[PDB]
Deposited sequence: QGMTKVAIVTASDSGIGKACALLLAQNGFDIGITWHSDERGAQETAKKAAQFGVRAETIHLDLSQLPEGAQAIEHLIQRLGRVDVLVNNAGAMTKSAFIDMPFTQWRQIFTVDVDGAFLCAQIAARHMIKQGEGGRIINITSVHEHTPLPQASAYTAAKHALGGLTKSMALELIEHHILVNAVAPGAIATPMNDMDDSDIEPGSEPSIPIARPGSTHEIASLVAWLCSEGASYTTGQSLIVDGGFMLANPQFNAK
């Protein structure tokens, strides 16, 4: 029985990932920043699939200590085979007068935290000796800028580069590392005509790919950023 940990799975993409992985037979670890009740609800529904589901408080704003909750969560579940580094909320702030503390705060939660969590998970995966899967939830803005969100863009890009480096260095341990880059996700047909598919995506349309990356059939996929965006990246000033 394998174990999947999904950060920030009290809601949104994280919750959909945790629920689908439970459906697929993984014991589940759920982390929460502020909303323990949402984490409890996800745990309950995850456990309804006949699976163990454990929750822990994780606040990646005070580092490195804040990341130790991943170590406690792994110890409660006995092992870890999957880590989904799920992205927190997006923040807008003009580049020209952004305070350095805000710049650092955004990097702390959006890439520093993922780095520390991945280290902890990858260490256990190496010792277990049975490989593993690490999925970094990034964004289209790993590849293309979000207006008025320069720190968010830069940190998503950083996490994209970290994904590549982790995949290269951990492949010898059969740990495959990929990013899933969502476009606009609603958290109805024709609601966003700026996007070629003309609607936002569902959390399921992201979780379904995350689940595939955890499946036996993904055993040759590593180092990639898989963009799930309804054609967002194809729309240029011409479209």
In sequence order, what intervals of the deposited sequence carry no C-alpha positions? 1-3, 191-200, 253-255
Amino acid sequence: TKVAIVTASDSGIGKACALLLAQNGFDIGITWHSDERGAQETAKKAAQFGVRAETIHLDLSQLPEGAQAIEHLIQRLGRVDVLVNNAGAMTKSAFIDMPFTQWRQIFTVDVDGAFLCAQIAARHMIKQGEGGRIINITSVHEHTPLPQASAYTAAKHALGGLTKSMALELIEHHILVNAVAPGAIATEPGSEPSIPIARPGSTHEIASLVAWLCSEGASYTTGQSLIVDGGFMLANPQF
From here on, numbers count along this sequence of modelled residues.
Entry-level comparison of average CA B-factors, 119-127 and 160-168, reporting the higher stretch: 119-127
Stretch with the greater mean C-alpha B-factor as recorded in the entry, comparing 42-50 against 172-180: 42-50
Checking the record values for 111, 89, 146, 82, which has the greatest CA B factor? 89
If you compare 217, 14, 231, 25, which has the highest Cα B-factor in the entry? 25
Cα B factor band for residue 62 (lowest, middle or highest third within the chain): highest
On the chain's distribution of Cα B-factors, residue 138 falls within the third called lowest
By the entry's values, the third containing the CA B factor of residue 204 is the lowest
Is the Cα B-factor recorded for residue 96 in the lowest, middle or highest third of its chain? highest
Sorting the chain's CA B-factors, does residue 151 end up in the lowest, middle or highest third? middle
